[PDB]
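I'd like to ask you about the structure that follows.
Positions of Cβ are generated from backbone atoms using ideal geometry, with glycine treated the same way; all protein chains shown enter the neighbour counts. What is reported rests on the model, the rules as stated and the sources as named; no laboratory instrument gave them.
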Amino acid sequence: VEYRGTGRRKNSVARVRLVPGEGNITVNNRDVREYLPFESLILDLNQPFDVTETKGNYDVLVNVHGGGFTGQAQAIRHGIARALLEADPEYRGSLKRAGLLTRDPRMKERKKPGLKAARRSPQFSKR
Amino acid sequence: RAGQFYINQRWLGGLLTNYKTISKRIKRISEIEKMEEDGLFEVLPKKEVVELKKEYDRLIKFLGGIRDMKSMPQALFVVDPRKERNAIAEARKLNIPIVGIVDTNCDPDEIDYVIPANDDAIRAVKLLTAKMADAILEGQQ
Amino acid sequence: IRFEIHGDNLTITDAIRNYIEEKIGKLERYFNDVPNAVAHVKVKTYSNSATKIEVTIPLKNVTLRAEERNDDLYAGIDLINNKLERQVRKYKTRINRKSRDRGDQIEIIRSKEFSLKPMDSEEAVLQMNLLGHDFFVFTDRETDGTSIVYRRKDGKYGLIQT
Amino acid sequence: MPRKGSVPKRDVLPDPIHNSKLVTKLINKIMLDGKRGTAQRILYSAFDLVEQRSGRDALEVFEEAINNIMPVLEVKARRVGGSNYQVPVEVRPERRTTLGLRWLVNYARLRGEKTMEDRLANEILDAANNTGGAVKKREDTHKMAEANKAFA
Amino acid sequence: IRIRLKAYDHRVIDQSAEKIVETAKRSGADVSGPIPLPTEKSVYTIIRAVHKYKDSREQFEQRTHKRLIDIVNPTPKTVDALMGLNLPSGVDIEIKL
Amino acid sequence: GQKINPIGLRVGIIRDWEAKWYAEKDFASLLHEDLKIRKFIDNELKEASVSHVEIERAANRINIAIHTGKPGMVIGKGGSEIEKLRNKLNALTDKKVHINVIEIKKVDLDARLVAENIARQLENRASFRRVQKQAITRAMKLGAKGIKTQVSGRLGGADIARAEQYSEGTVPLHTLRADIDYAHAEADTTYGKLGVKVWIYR
RNA sequence: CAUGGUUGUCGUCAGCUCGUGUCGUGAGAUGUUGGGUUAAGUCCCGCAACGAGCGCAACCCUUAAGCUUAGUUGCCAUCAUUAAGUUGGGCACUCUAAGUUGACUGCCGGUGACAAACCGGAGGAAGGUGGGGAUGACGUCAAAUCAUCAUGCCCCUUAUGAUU
């Protein structure tokens with residue numbers, strides 16, 4: 001059993017799979033606490049399968065790609081959310097109402113020319 | 001019943017005098033309903049379908065009784081010269097003869113053919129505007 | 001209250017550099033009682049017609065522009081300072097209107113008048129519908145009495161004679 | 001759009017340790033220059049000294065300390081010109097939450113010790129015991145807005 | 001064999017990829033079809049003013065659309081499309097053997 | 001305002017190229033050979049009703065397509081001047097093979113012609129407002145939809161320059177569907193240069 | 001400050017005009033105002049105005065989720081001889097990289113009366129011009145460049161041009 005979902009946020013793609021077992025993540029073939037830096041946002045990263053209560057059910061073992069640590073995280077909780085709707089397909093409203101299953105809503109904004117960087121206009125003296 | 005041309009909504013403001021731009025749009029109502037009975041309707045955006053139909057009803061709102069009329073009239077029949085004073089002022093510039101229902105709060109000077117009757121009652125209209133509508137039918141044959 | 005002076009194709013002297021600050025400078029120093037600003041003086045020669053003088057003094061809210069198209073660069077500033085002194089008084093009396101004496105601190109039934117008129121009951125139904133009103137009161141054409149046609153909670157019509 | 005109407009305020013994510021929204025909002029205000037981890041570690045080492053110098057767990061102590069910080073009257077200036085132009089106005093509940101967090105951090109940065117290991121926790125136990133520096137400016141607002149009470 | 005298909009327009013490099021995939025399958029070929037390589041664009045940022053003004057400029061870019069065609073059944077009928085030069089307008093073909 | 005030219009929106013969006021070749025290595029030098037023979041074709045033809053040219057290069061057989069509102073004048077007398085052009089065009093570059101020419105109907109609805117033939121109505125110095133109105137009235141008479149044209153500097157012979165535009169018809173400069181074609185000529189009148197823009201549509 | 005080109009600027013500011021008709025002895029007026037809506041002279045009502053153009057929205061580009069085609073130098077769950085050759089096979093599946101299907105107040109409920117909107121839902125990944133870019137109306141400033149060019153006039157020609 002391999003329920004393989006994908007997930008994107010902030011220029012960082014994250015594809016997951018779901019092998020049965022218990023809750024244990026193997027991001028880039030290594031431990032999460034030695035890969036994700038400070039362990040705070042991991043309990044916010046466990047929010048999507050919290051509402052389906054499949055804690056001791058699924059090992060995931062993500063292969064992540066690109067971005068940063070808050071771009072790799074917040075993309076595997078969106079990663080397994082596309083995979084949780086092929087594990088519990090009737091539980092789509094439990095993830096739609098609370099968070100995870102929305103999108104990659106927003107990335108960095110374009111630097112316009114004639115300007116310092118990304119909508120921050122430069123200082124002028126004489127008003 | 002008379003086979004003549006009616007006006008239900010407000011006077012459009014020039015349909016006897018600036019009707020070289022009103023018949024420009026009576027040409028449109030002879031065209032816009034032809035435009036969607038044939039093709040050239042699936043390729044259009046679904047909201048452009050709306051404004052092409054939002055134009056379509058608003059033509060037959062005001063110009064609905066001038067649907068088949070393509071020339072100037074030769075007589076005009078008004079129910080009230082007070083509320084329809086825009087029409088009577090266009091009548092006297094074109095020397096078109098005029099007949100109308102007048103009462104109190106109506107000037108009979110601009111009406112050539114005067115019908116003194118009540119104006120704020122339905123049977124006072126309907127049992128008086130029907131015979132004048134009937135008046136042309138036995139003038140045909 | 002500096003003077004970034006610069007002349008388009010005119011060599012600036014030092015007799016101008018004392019005549020500016022006496023008139024453009026000092027007569028606006030006693031205006032703007034908390035001052036920190038920079039002036040700008042252009043002198044643009046035109047060989048076909050004349051010279052011109054542009055004096056711009058920006059401030060916190062409203063700037064101060066004036067122009068003279070004279071050729072005398074000493075008599076023209078006698079008119080620039082005239083236009084400058086007028087514009088400051090416009091600015092100050094705009095903001096000197098702070099002195100304004102400002103001392104800090106049932107069921108209504110709307111009547112709709114109607115004039116009673118004689119008609120058929122069918123006419124009263126017609127006129128009532130043309131307004132969507134649930135009540136229409138009239139004098140009956142044949143009975144002569146005051147009649148109220150109304151729409152019941154039934155949705156049917158009722159007729160009251162008063 | 002602050003003149004079309006009001007801006008739609010957005011949701012935050014509560015802390016994992018204390019299970020509190022109020023802790024994460026304290027993380028974001030002590031987050032100088034976008035550094036999330038290097039500021040969150042300091043707060044996670046600025047309530048252990050709270051729980052060392054008092055036996056109670058700090059999630060009780062935090063919401064007890066901020067109640068000596070959060071004022072109930074403040075001053076909004078109305079442009080009346082020659083009047084006092086200082087109207088004593090009560091505080092909306094959203095600004096009631098925020099402005100207590102502001103005073104708690106802004107005077108934690110002006111103590112004798114250098115580490116915010118114990119710059120923060122000293123002012124919390126002062127605010128837990130209704131004393132210190134972030135408490136005493138609440139009383140300064142309650143000696144300013146409560147002195148010009150002629151504009152209720 | 002890796003027939004390199006790169007060009008400036010995207011409507012032209014796609015219709016010239018349809019030529020070479022058609023004039024090879026008529027012969028004895030086993031064509032792995034056109035897969036699109038990523039476009040190697042390049043942005044040029046000139047300034048708009050004749051004399052003075054920065055802080056108001058026009059950016060320019062030029063995009064090359066890269067594809068490749070490879071065959072692994074070389075017959076003398078397959079190379080009739082290779083020797084047969086077609087669509088020489090705005091596409092170059094770097095024929096490798 | 002600062003209206004940019006209407007072709008520049010649409011090059012490749014709703015139009016195509018006046019040069020459709022490719023060269024990865026040595027892109028620079030053989031791009032200069034284009035505007036060598038964009039100056040050179042504009043030298044000896046000298047308003048032979050030429051609207052614009054196209055260049056395509058392939059395997060040292062480099063093509064040149066000219067439109068020539070007066071066709072045959074570049075051809076000559078049965079292929080005379082077209083062969084008399086390749087006697088110099090094949091010397092300024094190496095090959096210049098397969099020089100040809102196509103024809104266009106509606107000789108003065110292409111905007112390059114419309115700007116040019118009324119700019120040459122300014123060296124004789126006669127009634128610039130009618131020189132405007134000659135172009136507008138003839139435009140939708142011949143089959144156009146929207147027309148717009150102006151003259152900028154030393155207008156009428158005076159000192160102060162004044163723009164003077166005349167317009168009717170749908171000219172959607174901001175709509176990206178529109179096949180707007182403009183041109184700019186350099187009509188001298190021996191008291192400066194008059195500039196003239198045009199705008200045609202359909 | 002004689003000009004053509006060309007760019008800032010008020011300013012992304014929502015305005016600027018025309019046909020025909022009417023009113024006024026006419027300069028002109030209406031249209032463009034009034035009622036309330038919108039980012040908008042954006043729509044909907046009411047009115048001697050009816051329509052049209054230039055702007056505004058959109059079409060263009062990019063970003064956000066999908067499908068179909070084609071899978072290498074790209075990407076390796078399942079096979080291992082992982083130095084990782086990411087190699088053998090091709091795994092082509094996902095990913096990525098490129099050719100196209102789709103978001104508009106389409107769809108409901110309000111009491112809100114029909115007058116469009118607004119307000120609150122659900123429906124998709126996306127929701128109210130989605131985010132951003134490109135595009136800058138009539139015009140203002142004798143605004144800025146005769147040093148990118150181009151040329152009216154004036155001036156220079158053992159030099160105000162040259163060469164080191």
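Give just the number: which of (1) part of a loop (DSSP other than H, G, I, E, B); (2) within 13 Å of chain F (Cβ to nearest Cβ) does E:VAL12 not satisfy?
Single failed check for E:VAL12: (1).
Pull up segment F:152-187, narrow it to residues that are near RNA strand G (Cβ under 8 Å from one of its atoms) and among the β-branched types (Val, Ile, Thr), then point me to the one that is nearest to F:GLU123 (Cα to Cα).
Out of the qualifying residues, it is F:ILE160.
Would you point out which residue out of E:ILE46, E:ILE35 is assigned to a strand (DSSP E or B), of a type in the set (A, V, I, L, M, F, W, C) and near RNA strand G (Cβ under 7 Å from one of its atoms)?
E:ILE35
With F:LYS197, F:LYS145 as the choices, which residue is on the phi < 0 side of the Ramachandran plot and within 19 Å of the chain's Cα centre (by Cα)?
Checking each option against the conditions leaves just F:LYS197.
I'd like to know if segment B:92-100 contains one or more residues that are in a loop (DSSP other than H, G, I, E, B), closer than 30 Å to B:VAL114 by Cα and touching a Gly at 6+ places or on another chain (Cβ under 6 Å).
No, because not a single residue in segment B:92-100 is in a loop (DSSP other than H, G, I, E, B), closer than 30 Å to B:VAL114 by Cα and touching a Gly at 6+ places or on another chain (Cβ under 6 Å).
Condition first: of a type in the set (D, E, K, R) and either within 14 Å of the chain's Cα centre (by Cα) or on the phi > 0 side of the Ramachandran plot (or both). Can you find one or more residues in segment E:78-96 that meet it?
Checked against the condition, which is being of a type in the set (D, E, K, R) and either within 14 Å of the chain's Cα centre (by Cα) or on the phi > 0 side of the Ramachandran plot (or both), segment E:78-96 yields at least one hit.
Do we have A:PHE69 as more than 11 Å from RNA strand G (Cβ to nearest atom), closer than 24 Å to D:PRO14 by Cα and within 14 Å of chain D (Cβ to nearest Cβ) here?
yes
Within the set of pairs 6 or more residues apart or between chains, which connect a residue that is away from every other protein chain (no Cβ under 14 Å) inside segment A:17-39 to a residue that is part of a loop (DSSP other than H, G, I, E, B) and of a type in the set (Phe, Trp, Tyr) with Cβ atoms less than 9 Å apart?
A:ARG17/A:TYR3; A:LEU18/A:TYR3; A:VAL19/A:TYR3; A:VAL27/A:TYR35; A:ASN28/A:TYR35
Moving on to the next point. With (1) surrounded by 11 or more Cβ atoms within 10 Å (Cβ to Cβ); (2) closer than 21 Å to F:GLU24 by Cα; (3) more than 9 Å from RNA strand G (Cβ to nearest atom) as the list, and E:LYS96 as the residue in question, which single condition is left unmet?
(1)
Which numbered condition in (1) under 15 Å from the mean Cα position of the chain (by Cα); (2) under 19 Å from F:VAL114 (Cβ atoms) is the only one that F:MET73 fails?
Of everything listed in (1) under 15 Å from the mean Cα position of the chain (by Cα); (2) under 19 Å from F:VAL114 (Cβ atoms), F:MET73 misses just condition (1).
For the condition aliphatic (A, V, I, L, M), surrounded by fewer than 19 Cβ atoms within 10 Å (Cβ to Cβ) and more than 10 Å from RNA strand G (Cβ to nearest atom), what is the one hit in A:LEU43, A:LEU61?
From the options A:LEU43, A:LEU61, the qualifying one is A:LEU43.
Pick from segment C:40-51 the residues that are within 11 Å of C:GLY7 (Cβ to Cβ) and within 11 Å of RNA strand G (Cβ to nearest atom): which of them is nearest to the other protein chains (Cβ to nearest Cβ)?
Restricting to residues being within 11 Å of C:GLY7 (Cβ to Cβ) and within 11 Å of RNA strand G (Cβ to nearest atom), the top hit is C:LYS42.
Which one of the conditions (1) within 14 Å of chain C (Cβ to nearest Cβ); (2) exposed (fewer than 14 other Cβ atoms within 10 Å of the Cβ) does B:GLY139 fail to meet, given that it meets all the rest?
The one condition B:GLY139 does not meet is (1).
Now for a different question. From F:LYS70, F:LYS95, F:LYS84, F:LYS20, grab the single residue that is touching a strand residue (DSSP E or B) at 6+ places or on another chain (Cβ under 6 Å), surrounded by 12 or more Cβ atoms within 10 Å (Cβ to Cβ) and not assigned by CATH to the domain that holds F:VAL198.
F:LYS20
Select from segment A:46-58 the residues that are within 16 Å of RNA strand G (Cβ to nearest atom) and crowded, with 22+ Cβ neighbours inside 10 Å and list them in ascending order.
A:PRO48, A:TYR58
Could you please tell me which pairs satisfy a Cβ distance under 9 Å, a separation of 6+ or placement on different chains, a first residue in segment A:72-91 that is on the phi < 0 side of the Ramachandran plot and within 14 Å of chain D (Cβ to nearest Cβ), and a second residue that is more than 11 Å from RNA strand G (Cβ to nearest atom) and in a loop (DSSP other than H, G, I, E, B)?
What qualifies is A:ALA73/A:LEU36; A:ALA73/A:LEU41; A:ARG77/A:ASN46.
For segment F:41-62, which positions are surrounded by 15 or more Cβ atoms within 10 Å (Cβ to Cβ), over 24 Å from F:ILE180 (Cβ atoms) and either facing chain E (nearest Cβ under 10 Å) or of a type in the set (D, E, K, R) (or both)?
F:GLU56, F:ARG57, F:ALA58
Using the structure shown, decide if E:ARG67 is at positive phi and away from chain F (no Cβ under 11 Å).
The answer is no for E:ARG67.
Tally time: how many residues in segment A:73-123 are assigned to a loop (DSSP other than H, G, I, E, B) and either among the acidic types (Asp, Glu) or more than 11 Å from RNA strand G (Cβ to nearest atom) (or both)?
Number of matching residues: 13.
Checking the structure you have, find out if any residue of segment F:27-40 is assigned to a loop (DSSP other than H, G, I, E, B) and either within 12 Å of chain E (Cβ to nearest Cβ) or within 30 Å of F:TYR201 (Cα to Cα) (or both).
Yes, the conditions are met somewhere in segment F:27-40.
Quick one: would you say C:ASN36 is among the polar types (S, T, N, Q) and closer than 19 Å to A:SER125 by Cα?
Answer is yes for this residue.
Which numbered condition in (1) surrounded by 15 or more Cβ atoms within 10 Å (Cβ to Cβ); (2) closer than 23 Å to F:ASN63 by Cα; (3) within 12 Å of RNA strand G (Cβ to nearest atom) is the only one that E:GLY90 fails?
So the condition that E:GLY90 fails would be (3).
Scan (1) farther than 30 Å from F:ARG138 by Cα; (2) surrounded by 12 or more Cβ atoms within 10 Å (Cβ to Cβ) for the single condition F:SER29 breaks and write down its number.
Going through the list (1) farther than 30 Å from F:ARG138 by Cα; (2) surrounded by 12 or more Cβ atoms within 10 Å (Cβ to Cβ), F:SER29 breaks only (2).
Conditions (1) within 25 Å of B:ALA121 (Cα to Cα); (2) outside any loop (DSSP other than H, G, I, E, B); (3) within 14 Å of chain B (Cβ to nearest Cβ); (4) under 28 Å from the mean Cα position of the chain (by Cα), marked per residue:
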residue	(1), (2), (3), (4)
C:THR56	no, yes, no, yes
C:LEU59	no, no, no, yes
C:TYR74	no, no, no, no
C:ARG89	no, yes, no, yes
C:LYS92	no, yes, no, yes
C:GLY103	no, no, no, yes
C:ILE106	no, no, no, no
C:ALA124	yes, yes, yes, no
C:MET128	yes, yes, yes, no
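Enumerate the pairs (first residue in segment E:51-64 and away from chain A (no Cβ under 12 Å) and of a type outside the set (A, V, I, L, M); second residue anywhere and within 6 Å of RNA strand G (Cβ to nearest atom) and not in a strand (DSSP E or B)) with beta-carbon separation below 6 Å, excluding pairs fewer than 6 apart on the same chain, so at least 6 apart or on different chains.
Taking only residues 6 or more apart or on different chains, the pairs are E:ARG63/E:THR39.
Residues that are within 14 Å of chain A (Cβ to nearest Cβ): which helices (runs of 4 or more DSSP H) entirely in segment D:4-123 hold 2 or more of them?
In segment D:4-123, the matching helices (runs of 4 or more DSSP H) lie at D:21-30, D:37-44.
Follow-up question, since we're still on this one. Which one of these does A:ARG8 not meet: (1) in contact with a strand residue (DSSP E or B) (Cβ under 8 Å, 6 or more places away or on another chain); (2) on the phi > 0 side of the Ramachandran plot?
Going through (1) in contact with a strand residue (DSSP E or B) (Cβ under 8 Å, 6 or more places away or on another chain); (2) on the phi > 0 side of the Ramachandran plot one by one, A:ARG8 breaks only (2).
Checking the condition away from chain F (no Cβ under 11 Å), in a helix (DSSP H, G or I) and crowded, with 17+ Cβ neighbours inside 10 Å, which residue from E:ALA81, E:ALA29 passes?
Just one listed residue meets the conditions, E:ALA81.
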